[PDB]
Structure formats: C-alpha cells, structure tokens
Amino acid sequence: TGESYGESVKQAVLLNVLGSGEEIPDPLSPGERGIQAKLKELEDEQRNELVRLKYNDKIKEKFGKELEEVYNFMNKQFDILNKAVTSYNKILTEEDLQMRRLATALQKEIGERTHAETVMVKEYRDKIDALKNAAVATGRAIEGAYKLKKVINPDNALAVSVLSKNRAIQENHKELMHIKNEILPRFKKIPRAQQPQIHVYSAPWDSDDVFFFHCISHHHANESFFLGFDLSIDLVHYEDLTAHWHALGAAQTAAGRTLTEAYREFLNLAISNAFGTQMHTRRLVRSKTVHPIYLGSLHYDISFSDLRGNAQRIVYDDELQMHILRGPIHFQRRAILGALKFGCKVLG
Amino acid sequence: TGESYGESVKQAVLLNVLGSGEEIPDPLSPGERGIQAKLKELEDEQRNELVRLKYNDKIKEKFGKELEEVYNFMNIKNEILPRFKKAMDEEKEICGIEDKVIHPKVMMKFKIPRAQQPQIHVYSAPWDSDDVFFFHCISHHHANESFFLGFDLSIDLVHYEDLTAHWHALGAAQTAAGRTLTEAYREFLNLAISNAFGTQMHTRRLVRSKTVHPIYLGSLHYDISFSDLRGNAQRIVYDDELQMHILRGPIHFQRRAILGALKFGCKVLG
Amino acid sequence: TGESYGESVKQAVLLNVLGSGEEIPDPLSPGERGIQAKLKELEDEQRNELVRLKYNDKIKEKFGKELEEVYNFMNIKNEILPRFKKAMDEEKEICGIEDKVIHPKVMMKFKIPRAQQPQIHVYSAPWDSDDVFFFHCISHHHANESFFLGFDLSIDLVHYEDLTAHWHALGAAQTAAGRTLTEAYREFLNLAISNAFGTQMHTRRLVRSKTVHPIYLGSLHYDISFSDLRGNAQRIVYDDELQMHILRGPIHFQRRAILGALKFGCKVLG
C-alpha cells in the first residue's frame, strides 16, 4: 500500500487517543459515561489516600498541624477558613516559586547552570524520557488530598512549555489568593456556569446510526448550532442557528432556524439517498413526525467559537472523515465525539 | 422538539436512574455485568479499607500523643484515662473492619432472603439475537408460578404469557397441566412472523430460529417480590406512556431501560 | 429445559469464563480494552496496598505494644529487650518495602520474554465493520511464518489461511514465495460476496470494501505458543459444536467468545 504511512501514523495517534479509560465517553450510552466517571472517581480518591498516607512525616514537619488538624476536624468557622486560606495561599506560592526556578533554569543555557540546577534539569529530562518510552507530587495532589478545595468550596521547546505552564499556574494562584483574601473580609464581616452545553439527541427508530448534537452557547444567549450524523449512509449535516431581530408587518420576532425544522430538514435530506435499504427510508418517514429522544447532556471547558470551528472542519474535511467515519459503530460515535471536542488535534 | 413539561421530566428522571455505572447491567451482555460487579467490589472494599485506615490512624495518633506526653513529662493522668476511653471506643469502631456488617446487608432481606429470592433467566434467539430476547421468570418457595416476557425490539413487539402449572385429572391418572416454555417461545415467534413490519431477511432468521432451542445467557436474582414482578410485567405489556420511553431509543439503552422497568415497575419515570 | 445437559454444562463453563470483567476484552473496540486494562491495574494496586496495610498495621501493633510495655515498666534492660527486638524487626520490615524481584517476570508472563511472542493485528472492513473482521497473526523468531483468520458473522463464515513464505526457485532466479495479505483479503471478500444468503445491499458494501485498504483497529499480544495459535485456528474452523456454541448469540458476546476460543481452543468449552 503506497498510501498508508501518514494515515498510519494518524490512525495510531487516534487509537492512542481513544484508548484512555475515562476519556471520550460514548455519547449514546449513559451507562458508559457513568462507568467512566465512577472509575475516575475511584482512582482519584485512591490516589489521594495513597499520597496522604505516603509521607505524613516531611509533610508534618513542613506544614503538619495547619492542614491535617483542620481536615481531621472538618471530616470556629472563621478561624478554620482563615487557616485554610493561608495554607492554600502558601502552597500556591511555593508551587509558583519552584516551577519558576525550574523555568529560569530551563532558559539558563543549561550548559551553564550550577550543579543543583543541572541535577534538577537532568531529573526532569529523565522523567520526560520515561514518559516518552511509556515520591511524586506535582502540587494538585496536596490540594485534592487533604480536602482543602472541598471544604473551601533543542531543549528550549520544553523550556517554553514549562514557562507557559508556570505562568498559567501563577495566574490561577494569584486569582485564588485574591479570592481567599476577599473571603477573609466576608467572614470578618476553574470556569463554571459559563461552559458550553451540548445536548445529545437521537431519532427514535434507528438511533444507533442517526443522531445529532444541539449546542447552545452561554453569555451570548442567541447563538447555537445543529450537527447531525447518519452513519449507515455516511451523511454529515451542519447548520448554524441564531436569533436576529426581524420585523414582520408591525410586529417583532426572532427569525432564526428553529431546531424542529432543522431536524426535519436533516431527516428529509437523509431520506433522499440511493443507499437506503427501502426500509431505512420508512423508518425516517415514521420518525419525521415525533419528538426526538433526549439522551443527556455533555459539558466541557472550551470556547463556543472553537466548537463551531471544529464542527465546520469536520463537515468539509475529506481525510478527517476518511479516518473518524470508517469503523465499528461504537468506534464511530466515540471518534465523532472526540473530533468534536478536540478538533483536528485528534490526528497528530 | 416542542414538549413543555411531561416527556421532558420523565426522560430526565429515566436518564438519572440509568446514569449510574453501579446498577442495572445490560442483561444480554455478561461483560457489562462483570464490569459492574468488579466496580461494586472495588467501591465496597475500598470504603472498608478507608474506614479501617482512618480508625487505625486515629488510634495510632492517640497512642503517639500519650507517648509524647509521657516522654515530655518523664524527666497526664486525666489524659491517660481519656486516652484509654478513646482507645476502647476506637477498638470497638475498628472491630467491624473484617466486614462483619450483615445488618445493612440483611436490611433488604426483610421478607426475601436467599434460596427464596426469585430467579430470572435471560434467553435470546440464536440469529437476530441483539434485537429479540426474552425472560423466563421463575419463583422460589412456590415452585409452581412462572411467566414469560418476550421483547422484539426492532419491530416494537412485546408479549407476556403465564406459565403457571397446576394439578389436573386425566382419566385414572393425574398430571401437571399448564403452558410450558417451548410452546410459549414457538407461539411468540409465530406471532412475530405475521407482523406487517418485517424485513424479508429478519423473517428468514426468525423462521430459521423457530426450529432451534434458544440460547441461555445467564440468570439474575433481584430483590423484587415475584408478585411485584408480575405486576410490572402487566404494566409494561398494557400501558403505553411508559413504553413510549422504554421501547424507543438505542438498543443498549432500550435493553437497560427494560431491565430497569422490570425491576422498579413504574418508578423509573416519576 | 432445552435439549441436552452436556450443551448446558459447556455453555455454563463458557459463561463463567466470560463472566469476569477483567478478561477477554472486545477485540474491535479499543475503549473496552482500555477499560479492562485499567480495572485490572486498579485491582492489582488495591491488592498491593492491602498487603502493605497489613504489613504496616502489624508493625505498628508490635511497636505500640513494646512502647506500652516499656512505659509501664518505667512507671532494667531485661524488660527493654523485647522492645529492642520489636524496634529491630520494625526497622528491618520497613526497609523491606520492595516487590520488584524477577519472580514477577514469571508471576505475569511465565512462558515467554519480550520480542519472542506473536502479535495479532485486528482489522475490519470500512463499511459493515461490526460484522466482518479479521486477525492477522504474525509470530516472532520465525522470519517467514504468519497467518490470516477472517470472520463474517452476518452469514456465519470463518476462513483461515497461512501466509508462510518458503524459498522458491523460478527460472534461474529465486524468490520468497508466500501469500500476500492483500491477496488473502481480496479472496476472503470474494468468498463473502458470492454467498447465496445475500441481502443485495450487503454485497454492495463488501464490493465497495474490496477497493479500499482496511482500517487498522489495533494490535495486541498474549503469551501463547504460535503453534498453539495455529492449532486453535484449525480448531475454530473444523469443529461443529464449537462453532454452534461460539458463533451464535449477541454480536458482542460472539466476538468475546471468538477471542476466548483463540485464547483456549476448546478447553474453554469443556
């Protein structure tokens, strides 16, 4: 085969992407999503327990009573909140300092840094090489371990990546410290609720093949889109649906493509195709006059414009549909959801 | 998709009942059952290990505090007595670490213990197995009451039959008369053929499966009184608002919804 | 309840083999393989941590007992001797936190090391993928042996074909004569197309599948002798009741049974 090398690399990357246990849940299976979530939760709690019980001595000598006593007691209010806020702020500052030192050593012309920085850089390079072939606590382990958050609620390329990560961590830490300082005055007196919403619907009588996603943005409240898939016929249908201000006669309304007529037009388009089994058309006709089944909602952390771009890229890209739209139907749905969520990055 | 309140809230509650990975496995697929059983086992044993870990840690901390007081005052009686009280309390708390908790386990066995729990057998036709299957439900502590519930999901076909046998007099002899599994299955297939919404290839597999005994795929025992199971079988074969949710959707969802409805009657929605 | 008790015992043995959720993943869906591997890893980690908890709690119990005895005596060295022995044992056992010996090499593989094991690639046709699919099993430490095993579970056909390349002389020149995997695939598809049990729309998909390379769904490897794989493939092909038990049922369970029979030949069936 003289056309199966770059596609082979892309396919291998796709298979690695789809191999994770708790990533890319099956859109048309609530049980699979529940299984993935429960498995992730179990491993998360087990890892926190292991890292809590692991040291318990150097942690005790560094910041022992401050976090352990509060966690054991909470497992009055103003004092506990102040102590927890101070401990969280000092943890974030310490992480900032150590990653900043690592970054400054990374852009320190490593053939010139001192012995300790050379040792640390070599250790991180060994970590990267081990991960490439395949007592660790990045900083989130402590915060998720002692239930702090729960009760509060060329080598220069890797150098640049680590610098960007350190800058992001510093910004998050500064925001958290400002929030805790504000919370202290209240007692003395991660995005949420703005993420895009994806609802997964499926036509009743042949939902294994035909389904669609309805996506509604937030903090705009007038932009949405419809993305419909039929896998027996290999048909993908996109349309943006919004709401403008339209005056009919002497009255105002929001003249935009309604979801209902969107779904009806998609069904009509899927009916007129020669590859129908002379009964698939019958199923689509029967399902044309009934409300589609709601099959749950998925939420993530990505801008709505990014989702629009990803959907439009899926629609008019040939090799992307050569990759994600060939295979078993379960793999089909998983690859479609992954491509929608991550875009073209799913292949390399 | 214009439906104000009703269908929306029923489908929401149904998804929330089916949104958990611990309960209601797909009966047709023993792999999902194994995954769910292992997941249950890991949750329970890790909660046991967590409570034992916490109680041993707290008793060790109490002992170390007593030791440190002894060390720092050697060169605490009111503390020693409170320490002994705490140690006795912690030993009592940590005694049930060997998983000897049967009261919570038997709390659901108020009237239905083991060897009295009703059995459910899952059967499937040999060829279009993913779409057609049925349950043979047998009761214990009676050995005389049983029923048949058959679903052909592609065509939207549901059949219920009552296989209860009873004493009968035949001349100068006696017998146990009543419907039996073989003729129930054969009549169900016979009724499935004459439906108008066949596929002229689905019918071929059905008629070929009419001459072969069904395939046994396991048994399930759930904490539902067999009288209640019969009641749910009556509701599922009679009512239509319940069916309009349970019998519409992807096949894996449809089968899980059917198992859930058989388990909880009409409690999955509302 | 059906026809025979030998068939039911064989089926029960097969269902118990497939009952576990940590073994015999679905060969076509890599998500299932990932889930099963992660569950197995979590289970082994929990096993090791339970062992470590037992170790640490017994060490702490001995240390606390020695400390309490010393504290009671303090309120010569003869009494402190057991405490010193406990301290020595605790230090020795704490410094022995290693489970990394080469016994784990036979504790997990027990048959063959790395780079001396066959690998099974899995492909499926692009369009009707969930039914037609094949395994390309290529071995190691024989630079010329491999084989092909293809399945079409819609019309229930199994095909096997060796792809071994023997040295051959043609004219006054030499070649490594075997079968091309592409030629094997096209002959398998041609066999599937000309089957009388055609849907007349399934054939237009096999025919479309002929002129495009198949999709690579992944590669896996199990520690079994390659000759055993050859024997198991001809066992799958040339047995009647093995086909009747493994190649009948739900598609998911069918594929799991196929992988299981590749794993164990007929010992899985009993």
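Colleague: Explain the overall build of chain A to me, using residue names and the numbers behind them.
Modeller: Per the secondary structure count, chain A includes 13 helices and seven strands. What you see for chain A is a C-alpha radius of gyration of 26 Å, clearly larger than the 20 Å of a compact globule of 348 residues, by over 25%. Its C-alpha atoms give chain A principal-axis dimensions of about 75 × 65 × 40 Å.

Colleague: Explain the overall build of chain B to me, using residue names and the numbers behind them.
Modeller: The secondary structure content of chain B amounts to nine helices and seven strands. Computed over its C-alpha atoms, the radius of gyration of chain B comes to 27 Å, more than 25% above the 18 Å expected for a compact globule of 270 residues. Each of the three principal axes of chain B carries a C-alpha extent, and together these read 95 × 65 × 35 Å.

Colleague: I'd like to hear about the packing of aromatic side chains, residue by residue, with values.
Modeller: Centre-to-centre distance and the angle between the planes together describe a pair of aromatic rings. With a centroid separation of 4.9 Å and an interplanar angle of 45 degrees, the aromatic rings of C:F134 and C:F148 are classed as tilted. In this pair, C:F134 is assigned in strand β2 (residues 132–138) and C:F148 in strand β3 (residues 146–152), connecting sequence segments 14 residues apart. For the ring pair C:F135 and C:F151, a centre distance of 6.0 Å and an interplane angle of 85 degrees mean the geometry is edge-to-face. Here C:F151 lies in strand β3 and C:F135 lies in strand β2, a separation of 16 residues in the sequence. Over the ring of A:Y300 we find A:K341, and its NZ or CZ is 4.8 Å from the ring centre. B:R208 extends its terminal NZ or CZ atom over the ring of B:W127, reaching a point 4.5 Å from the ring centre.

Colleague: Please give an account of the interface of chain B and chain A that cites residues and values.
Modeller: Taken residue by residue, the interface counts 26 residues in chain B and 30 residues in chain A. Elements with a minimum of two residues in the side of chain B that touches chain A: α1 (6–18), α2 (30–74) and α9 (251–264) of chain B. By residue number, the principal contributor to the side of chain B that touches chain A is α2(B), which donates 10 residues. Class assignment for the residues of the side of chain B that touches chain A results in 11 nonpolar, eight polar and seven charged.

Colleague: Describe the sheet that holds strand β1 (residues 119–124) of chain C, listing the residues and the values that go with them.
Modeller: Residue and element names in this part refer to chain C. Here we have five strands laid out as an open sheet, ordered β4-β3-β2-β1-β7, and antiparallel in their pairing. Strand pairing shows two members of the sheet lacking a second neighbour, β4 (157–162) and β7 (215–220), which therefore form its edges. The average angle at which neighbouring strand axes cross in this sheet is 20 degrees, direction not considered. In terms of strand pairing, β3 meets β4 through six bridges, oriented antiparallel. Residue pairing in the sheet places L149 in a bridge with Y160 of β4.

Colleague: Describe in detail the domain arrangement of chain A, supporting the description with residues and values.
Modeller: When the parts come together, some accessible area is lost, and that loss is often what is quoted as the size of the interface. Residues and elements named next belong to chain A. When the domains of chain A are assigned, the result is domain 1 (9–189) and domain 2 (190–348). Of note, the centres of domain 1 and domain 2, computed from C-alpha atoms alone, are 36 Å apart. Taken together, the 16 residues of domain 1 in the interface contact 22 residues of domain 2. Of all the secondary-structure elements, those providing two or more residues to the side of domain 1 that touches domain 2 are α1 (6–18) and α2 (30–54). Ranked by the residues each element gives to the side of domain 1 that touches domain 2, the list is headed by α1, at seven residues. Across the side of domain 1 that touches domain 2, the residue classes tally to nine nonpolar, three polar and four charged.

Colleague: How would you sum up unusual backbone geometry? Please name residues and give values.
Modeller: All names here are of chain A. One non-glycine residue, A193, adopts positive backbone phi at about 65 degrees. Within the secondary structure layout, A193 lies in the loop between α8 (156–188) and β1 (197–202). Within the chain, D234 stands out as a residue other than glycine whose phi angle is a positive 60 degrees. Structurally, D234 is set in the loop between β3 (223–230) and β4 (235–242).

Colleague: Which residues make up the packing of α1(B) against α9(B), and what values do they have?
Modeller: All names here are of chain B. Axis separation between α1 and α9 bottoms out at 11 Å; the angle between their running directions is 90 degrees. Accordingly, the angle class assigned to the pair α1 and α9 is roughly perpendicular. On the side of α1, the interface is formed by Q11, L14, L15, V17 and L18, while α9 contributes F253, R256, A257 and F264. The residue inventory of the contact of α1 with α9, partitioned by class, reads seven nonpolar, one polar and one charged.

Colleague: Go over the sheet that holds β3(A), please, and point to the residues and values.
Modeller: Residues and elements named next belong to chain A. Within the open sheet, the five strands sit side by side as β4-β3-β2-β1-β7. Their pairing is antiparallel. Only two strands of the sheet have a single neighbouring strand rather than two, namely β4 and β7 (293–299). With direction set aside, neighbouring strand axes in the sheet form an average angle of 20 degrees. Of the strand pairs in this sheet, β1 and β7 are connected by five bridges, and their pairing is antiparallel.

Colleague: Account for the interface of chain C and chain A, with residues named and values stated.
Modeller: Of the residues lining the interface, 24 residues belong to chain C; the matching set on chain A comes to 21 residues. Those elements giving two or more residues to the side of chain C that touches chain A turn out to be α2 (30–74) and β7 of chain C.

Colleague: Which residues make up the pairing of β4(A), and what are the values?
Modeller: All names here are of chain A. The sheet contact formed by β3 and β4 spans eight bridges and is antiparallel. Considered in β4, the bridge of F225 is made with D240. Counting the residues that bridge the hairpin from β3 to β4 gives four residues, and of these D234 lies at a positive phi of roughly 60 degrees.

Colleague: Explain the pattern of salt bridges residue by residue, including any values.
Modeller: Residue and element names in this part refer to chain A. In this structure, the salt-bridge partner of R333 is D26, at a minimum N-O distance of 2.8 Å. For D44, the salt bridge goes to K40, with nearest N and O atoms at 3.1 Å. Of this pair, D44 and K40 both sit in helix α2, separated by four residues, roughly a single helical turn. Look at the salt bridges and you will find they share partners, linking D26, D208 and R333 into a network.

Colleague: Before we move on, can you summarise the packing of helix α11 (residues 304–315) of chain A against helix α13 (residues 329–342) of chain A with the specific residues and values?
Modeller: All names here are of chain A. Between α11 and α13, whose axes approach to 7 Å, the crossing angle comes to 130 degrees. By the angle class used here, α11 and α13 are oblique. Every residue of α13 that contacts α11 at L307, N310, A311 and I314 is listed here: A339, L340, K341 and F342. Counted by class, the contact of α11 with α13 contains six nonpolar, one polar and one charged residues.

Basis of the calculations
Residues numbered from 1 in each chain as written, not as in the entry; some residues may be left out. Chains lettered and ligands numbered in written order. Heavy atoms only, no water. Residues with missing side-chain atoms left out of burial classes, pairs and counts. Helix = DSSP H or I, 4+ residues; strand = E, 2+ residues; numbered from the N terminus. Rg over C-alpha atoms; globule rule 2.2 N^0.38 Å. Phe/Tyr/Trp six-rings, centres within 6.5 Å; stacked < 30°, edge-to-face > 60°. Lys NZ or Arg CZ within 6 Å of the ring centre and 35° of its normal. Contact = heavy atoms within 4.5 Å. Nonpolar A, V, L, I, M, F, W, Y, C, P; charged D, E, K, R; others polar. Pairing = 2+ DSSP bridges. Axes fitted to C-alpha atoms, helices over the stretch in contact; angles between N-to-C directions. Domains from an automatic or database assignment. Parallel < 35°, antiparallel > 145°, perpendicular 65-115°, else oblique. Salt bridge = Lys/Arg side-chain N within 4 Å of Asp/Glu carboxyl O.

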